[PDB]
Amino acid sequence: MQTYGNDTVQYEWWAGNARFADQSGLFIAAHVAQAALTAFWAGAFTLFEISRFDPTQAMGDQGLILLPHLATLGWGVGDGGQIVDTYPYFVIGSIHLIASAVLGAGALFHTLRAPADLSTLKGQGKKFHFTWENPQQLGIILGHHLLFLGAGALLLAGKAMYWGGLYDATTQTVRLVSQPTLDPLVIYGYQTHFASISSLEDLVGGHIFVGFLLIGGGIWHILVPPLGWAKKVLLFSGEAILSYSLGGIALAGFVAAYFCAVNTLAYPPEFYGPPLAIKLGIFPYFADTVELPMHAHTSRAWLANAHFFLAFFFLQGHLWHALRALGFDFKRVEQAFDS
Amino acid sequence: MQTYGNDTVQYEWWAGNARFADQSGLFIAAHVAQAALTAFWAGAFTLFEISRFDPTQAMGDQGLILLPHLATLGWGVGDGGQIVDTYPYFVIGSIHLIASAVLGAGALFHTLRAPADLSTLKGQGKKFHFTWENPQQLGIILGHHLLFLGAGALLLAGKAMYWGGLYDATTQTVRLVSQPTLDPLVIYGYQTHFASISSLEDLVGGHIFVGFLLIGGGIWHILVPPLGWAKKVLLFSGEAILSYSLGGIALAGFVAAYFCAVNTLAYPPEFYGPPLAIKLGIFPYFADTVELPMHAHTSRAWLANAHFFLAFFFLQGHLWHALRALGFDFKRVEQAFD
Amino acid sequence: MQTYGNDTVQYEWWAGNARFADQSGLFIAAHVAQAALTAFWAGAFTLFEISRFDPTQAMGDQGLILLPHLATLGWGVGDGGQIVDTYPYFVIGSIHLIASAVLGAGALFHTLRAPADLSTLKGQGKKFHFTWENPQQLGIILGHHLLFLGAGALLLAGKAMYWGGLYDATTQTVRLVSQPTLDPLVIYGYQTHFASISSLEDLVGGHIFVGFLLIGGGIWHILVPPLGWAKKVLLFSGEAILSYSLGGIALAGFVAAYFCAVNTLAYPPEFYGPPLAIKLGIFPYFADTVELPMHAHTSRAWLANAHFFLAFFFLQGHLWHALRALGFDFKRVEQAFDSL
Amino acid sequence: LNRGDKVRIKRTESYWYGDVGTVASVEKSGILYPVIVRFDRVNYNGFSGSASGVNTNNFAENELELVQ
Amino acid sequence: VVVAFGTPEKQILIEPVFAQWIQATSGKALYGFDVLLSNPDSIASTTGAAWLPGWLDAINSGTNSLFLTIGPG
Amino acid sequence: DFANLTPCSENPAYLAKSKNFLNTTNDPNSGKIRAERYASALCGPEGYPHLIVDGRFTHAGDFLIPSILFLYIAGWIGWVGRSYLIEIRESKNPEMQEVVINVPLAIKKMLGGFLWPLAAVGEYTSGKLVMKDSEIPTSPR
Ligand code: CLA
Ligand code: CLA
Ligand code: CLA
Ligand code: CLA
Ligand code: CLA
Ligand SMILES: CC1=C(/C=C/C(C)=C/C=C/C(C)=C\C=C\C=C(C)\C=C\C=C(C)\C=C\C2=C(C)CCCC2(C)C)C(C)(C)CCC1
């Protein structure tokens, strides 16, 4: 949090989520419940889209966003690019919905049974207590999350080179990839044409090198603390670390909005729809190049236009918290307009 | 049962079923009367379904829910999957109606003749007295209830292998399942495709494994008290033991609603209806595959959609009673909004 | 600013931008955010015009003013005024808009992490502290900005001679300027027909001798402090340097409005539209020869008419800040009407 | 009360019942209503068409609650 | 004013949807709402009430003033 | 469902009357643009657009977008008139500020009224929006 020289900050109910930012036990309970709500949406709205799925016509014109994702992974997909099985969508939707109940229970555990501060706890709760101005503990938290993000990227390469197999948007079939690229020189060249790659070997081999980078970066943040140059350059407040995450995920949201609109490999036109035209106006919006009637929208225009608008307002939330971390009151704005 | 920092807390009449939680004699009286009401529903509505059964059309389209359970067991299904005699359905609902008066006798015995608390009793009434702090007494109760549930699951496999067998859907008639299933990896591999259990031999050997495990846990809980790690992680409150059973029976209600909708063996289409697609809307529901001529629903969908709402509201009732057991009074939420 | 001898003048909210005058750190943050806002308009309205452009019509008929600027500069024209590339306009409109985010970040840096006065800190940044009484420091700023504007004029020389070329409206092609005219006699002779030019070698050669002039003057202002005659004739106050720049940018706004209306080399008729007739009703406006239907105006007639009205009111803003730098209290106009 | 020291009128029949009035002076001379209370809102007073009413009225100490 | 100015299509005309819905819940299927008594498959329609064949005939004939058709006026 | 209504693109009374729409403004194709815009609405028996206000998001432009646009502006006019009236009552002569407007104070309040919903929520939480009923001049019953 930002104190503004006040030891006892109050916060009203509309800013009531700021009350537990110094409470490490209740910090878990609001994030596991966020992960409970996130896994519930991946669970309930996969099954919501199963009830609103028709084998006639693609998922793009039906306004579905989750069954296009699992079909590109290569689940329940026919050899002609159609959908033949709604049961692999049902299993993945059931696993996410049941794990939401496990996360929904464990957040209620940390709300009620576990203390608000983990410094009171003795055992393993004592080690999990974090203060916001402890850079050694903060890298332990960051390094362990980089391992699971690295293992998540390796799981995609372990699903396409192995049991599973991704979908190919060129030959319109589900193909297990064999011998992907492993050249570090050609992956440095994909910074330019990142959104028009059109190759499963580059996508999987890209996920190997970024999977090994986050695993290799995960074991560096755990073992090595912040060196001192990062403490001098960056700020280590409660809202400062959130500011870097809000701008970091806004940059990830702007690329993901751009990657959905123009790439055909990871977003096949037989599942999502035709690649969007980057229009602009009172706001940048990726419009339909095929113009579905009755304001339907091809649901590639639902990811790409929401994840720009989400990344825009998460960039403004990044600017809100970086200003508060740097020490801007925002009551000084009204004090500039006084008599 | 909770005691938020005070004793002699008097409950109102709309929450009047909370006063006798410390009364052991009245605890027996309410629960056996619930079992008297449950066995009454097993008996009186079996006769109600017999009085409203027509063998001209399909059983599942009529809206009968107790009779296809007995027809799946291998009773009255001896020729072509068509009901030709209602005497096996009459003899089952008659015993349930007889046992409802037997259970209703001892329930009103315990609220009027037996004392409300059994600590004042002598002899075997002192041994039957329980409280919501004794671990070893509750393990005696839990192990004895696990023994009858294990014997209940073994009697189904005893019926299925010695006393006629069940209705096998792959041959449309009753069949003997006298060969059992013994390999535990077949059962252990059924944590993925338990819904598509198209094998009567694998189902019967599962209930042998369930019946022998539950008598294994019945012997274990009687002869060994709850340990120190179980007391540390599980709250032994009167509301808390209810809360574990509320979520435990809600998990059972969700799985039984999943078995009801999509299975073809234990819920045959000749007696229940076609298997149901798992739709979702505002709430999840199992919509009918085919339409009905009077805007009704099949008995399989009447069982599965009601058991979904019963399991969800028992999960929410588990959430009401777990937060009350831990110490959340629900007046803290309005305490912060000021 | 001007305090009229009252020293601690408290400005209200409608004149709130006068508060950070004589404050070096907030002077950077207001101007970098202006450069953030200017590069944002360059970036966003290039992509706005790309999303509105169609090659079936002319560019000037659609109200497009940023795409003909890049098309004249020697970028992806199809053949003789045809426009089929659409990608180098997207590259320029994306480079300028990412650069606005970097300038938007550096403005919030100097607002918050850097202090309001640069004299408070130490290091290399304390030499960036300027006051509105120091000729040596203000000439250092002027010399480095002349070096940037001189290199910008030489960047057109390098773009036309080497990296591509410029769109020649005479030959309907984009061509390299192989032999620019480096004769100062013909460039000094272009004081009369400056806007009647038609040769790319005269345009590029005139850009070389102003690119060397601004760089040579940029080296001159950095090394040599302002002389005693310039201190006697020019007010070195806060609002006086602004009024010199407001008069200087209004003169450039009048010349650029005159270059837009009548020139065909730097404003070709294929992209901008047909040249304008300088009419005058109650104000000097620029009207087209042929009347574009549906009450629409040519994009050349949109540039030249707006850049005259901008330059007229920036001349009026120059007159507001010159008299305030001279010493006019401007409440005397009320006091003249109070006595009358 | 005392001069200054704004009070709220509890006299029900008054225009200012529930309004904040400032005590102008207290005439301790055996008066039934010795407290002059001055208001910032004039009442309904005067002949029809008058632009303002009076802002002063005498009160007793039991009709006033201190709010200052 | 818009009728006077030759543009009667510019009138703000609101269909009284909430009172048309109550006409549907008593049985008038003129508005296309399938609710309660206009829907023949609801529990209110299928209860076997003896008023219902006489009531539905009178509410849908239109020759009476029982439940008149209502519009923006 | 609105079976008594028809879409205006398929309404025959609208189609015979949309070809004679009068030009409201100086644009000679004003009635043809109104013929295209009013074709998406729901028309009655004589081809006029019948608006639906029940809350359907298909007809959100019929009432809800006019509702959001009105309540923002009317909440803006009400808030900056309330905030001006609170500000001027702390002065030496609060009466003259209503008949003779403190115009730079009025412009300062009016431009700040774009964040009136976050300000009205904040003043409701602070208790300055709503006065206590025992602190109000009250009729003698
Ligand atoms: C409506 C039926 C009914 C009710 C509620 C009563 C009531 C009573 N009987 Mg019983 N009784 C009945 C039928 C009933 N009986 C019949 C048919 C038999 C012969 C088989 C007996 C034989 C009998 C004996 C041998 C004794 C009693 C006695 C008693 C009392 C204690 C309960 C008990 O142990 O025996 C209950 C016995 C039953 C068979 C229970 C049948 C009740 C079923 C479940 C009907 C459902 C209840 C109905 C809705 C009425 C509700 C009333 C109540 C809940 C307010 C209780 C007040 C005791 C006594 O000493 O009383 C003087 C006792 O020792 N009764
Ligand atoms: C990962 C997200 C993240 C995190 C963890 C935080 C965390 C927090 N922020 Mg926030 N912030 C962020 C993103 C983030 N923010 C973004 C995206 C915005 C830009 C809009 C901001 C702007 C911002 C402001 C303006 C404020 C904070 C403040 C707060 C604090 C308390 C807020 C509270 O009580 O919420 C309570 C939640 C509500 C009252 C709910 C409001 C719901 C809004 C009106 C609608 C949003 C959803 C809408 C329906 C759209 C959904 C789209 C979807 C369907 C696709 C807390 C530190 C406060 C602060 O300074 O701390 C003291 C504060 O005043 N934040
Ligand atoms: C195995 C079931 C179980 C058990 C034994 C308990 C036990 C207890 N509950 Mg309950 N609880 C559970 C499940 C359970 N509950 C569920 C499923 C819910 C979620 C709805 C809750 C939510 C809950 C609340 C909200 C409260 C309790 C409380 C109570 C206590 C008194 C209740 C009383 O007097 O009833 C009185 C009963 C009535 C007045 C009748 C109400 C009937 C409603 C309207 C439902 C009617 C049926 C409905 C139409 C559905 C029909 C289904 C169809 C198939 C027939 C008691 C200790 C109270 C407590 O502990 O506070 C001290 C309390 O306030 N319970
Ligand atoms: C490079 C531009 C430049 C610079 C940096 C300054 C800087 C300054 N001037 Mg300004 N001035 C200039 C140009 C410049 N001016 C121009 C062009 C005008 C002519 C109109 C003036 C006339 C002017 C006056 C009359 C005043 C100043 C004053 C000020 C000071 C405070 C300004 C403030 O807070 O207003 C903040 C801005 C507003 C409150 C907005 C006012 C609303 C107008 C109407 C906006 C115009 C809208 C217009 C339609 C824009 C669209 C154009 C086109 C696209 C259609 C500050 C030192 C003040 C002074 O003397 O210092 C104390 C003062 O009173 N200047
Ligand atoms: C900006 C000041 C303002 C505000 C916030 C209020 C607030 C209130 N008025 Mg209103 N009212 C005001 C002005 C104001 N009024 C004035 C100027 C008059 C004389 C015309 C009235 C006459 C009046 C009546 C007769 C009624 C209300 C009622 C009410 C309530 C319902 C809201 C509504 O729209 O009523 C409708 C309000 C009007 C039709 C009049 C609004 C007049 C203009 C449009 C308001 C703005 C004018 C002002 C000059 C702006 C100043 C700007 C500043 C920068 C200088 C609400 C408590 C009603 C009530 O008591 O319900 C609980 C009621 O019966 N008011
Ligand atoms: C949804 C919808 C609807 C409905 C509606 C409703 C029903 C509503 C309600 C509402 C209501 C029932 C409300 C109430 C309220 C109350 C109160 C209590 C209020 C208060 C208010 C206030 C307080 C105010 C204030 C202000 C502001 C805010 C601003 C300006 C100024 C003033 C001061 C005025 C309809 C059908 C139409 C249509 C469709 C949609």
Side-chain angles (χ1 to χ4, degrees), chain E residues 1-47 51-73, chain F residues 1-70:
Chain E
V1 168
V2 303
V3 159
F5 284 171
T7 46
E9 74 278 345
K10 292 219 280 179
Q11 276 180 116
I12 305 168
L13 306 171
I14 298 93
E15 272 288 343
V17 181
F18 304 147
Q20 281 171 346
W21 185 83
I22 294 173
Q23 296 195 12
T25 63
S26 291
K28 193 166 171 73
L30 190 144
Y31 309 122
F33 304 124
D34 286 348
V35 54
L36 290 169
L37 293 194
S38 45
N39 175 40
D41 294 332
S42 72
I43 53 170
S45 297
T46 45
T47 183
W51 69 75
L52 281 171
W55 174 258
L56 264 293
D57 212 43
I59 208 174
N60 300 320
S61 64
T63 73
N64 55 5
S65 304
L66 176 57
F67 271 100
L68 293 167
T69 310
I70 44 174
Chain F
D1 185 35
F2 318 119
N4 54 331
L5 306 177
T6 49
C8 311
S9 301
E10 321 301 311
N11 190 274
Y14 181 82
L15 283 166
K17 285 156 75 147
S18 68
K19 299 188 286 290
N20 300 137
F21 277 174
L22 297 200
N23 306 310
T24 49
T25 46
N26 207 31
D27 198 299
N29 300 349
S30 294
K32 189 163 186 155
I33 292 168
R34 193 193 328 130
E36 299 286 357
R37 188 181 297 104
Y38 289 10
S40 81
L42 265 293
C43 279
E46 286 285 341
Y48 301 149
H50 289 199
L51 304 182
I52 311 294
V53 304
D54 51 5
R56 291 172 209 269
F57 296 97
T58 309
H59 306 92
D62 281 10
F63 188 68
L64 184 63
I65 319 293
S67 300
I68 292 174
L69 208 49
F70 180 75

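Letters go in sequence order (proteins before strands), and every chain restarts at 1. All heavy atoms count here, side chains included; hydrogens, waters and symmetry mates do not.
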Count the heavy atoms belonging to other residues, nucleotides or ligands that lie under 6.0 Å from CD1 of E/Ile43, then report whether that count exceeds 12.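 Check fails, neighbour count at 12 or below.
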Side chain to side chain contact (heavy atoms under 4.5 Å, CB included) partners for E/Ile12, two or more places apart: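 With neighbours one apart ignored, the set is E/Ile14, F/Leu51.
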Sort out for me which of E/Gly71, E/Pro16, E/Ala24, E/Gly32 touches chain F most, counting heavy-atom pairs under 4.5 Å.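 Highest number of pairs under 4.5 Å: E/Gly32.
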Scan for disulfide bond (SG atoms under 2.5 Å apart) pairs involving residues 6-66 of chain F, sequence neighbours excluded, and state none if there are none.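 Every disulfide bond (SG atoms under 2.5 Å apart) pair that includes a residue of residues 6-66 of chain F, provided the two are not neighbours, is F/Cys8-F/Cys43.
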Examine whether an atom of F/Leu5 lies under 4.5 Å from a heavy atom of chain E, and if so say whether it belongs to the side chain, the backbone or both; otherwise answer neither.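 Contact with chain E: side chain only.
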I need the minimum non-hydrogen distance between F/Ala3 and E/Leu30, along with the two atoms involved.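 In this case the closest contact between F/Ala3 and E/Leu30 is CB-O, 3.7 Å.
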Tell me, please, which residues at least two apart from F/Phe63 pass ring pair (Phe, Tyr, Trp, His ring centres under 6.0 Å).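 Not a single residue meets the ring pair (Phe, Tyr, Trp, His ring centres under 6.0 Å) criterion with F/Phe63.
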Atom pairs, donor to acceptor, chain F/chain E, distance under 3.5 Å:
{"residue": "F/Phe2", "atom": "N", "partner": "E/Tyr31", "partner atom": "O", "Å": "3.1"}
{"residue": "F/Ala3", "atom": "N", "partner": "E/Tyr31", "partner atom": "O", "Å": "3.0"}
{"residue": "F/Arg34", "atom": "NH1", "partner": "E/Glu9", "partner atom": "OE2", "Å": "2.4"}
{"residue": "F/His50", "atom": "ND1", "partner": "E/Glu15", "partner atom": "OE2", "Å": "2.8"}
{"residue": "F/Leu51", "atom": "N", "partner": "E/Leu13", "partner atom": "O", "Å": "2.4"}
{"residue": "F/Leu51", "atom": "O", "partner": "E/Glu15", "partner atom": "N", "Å": "3.1"}

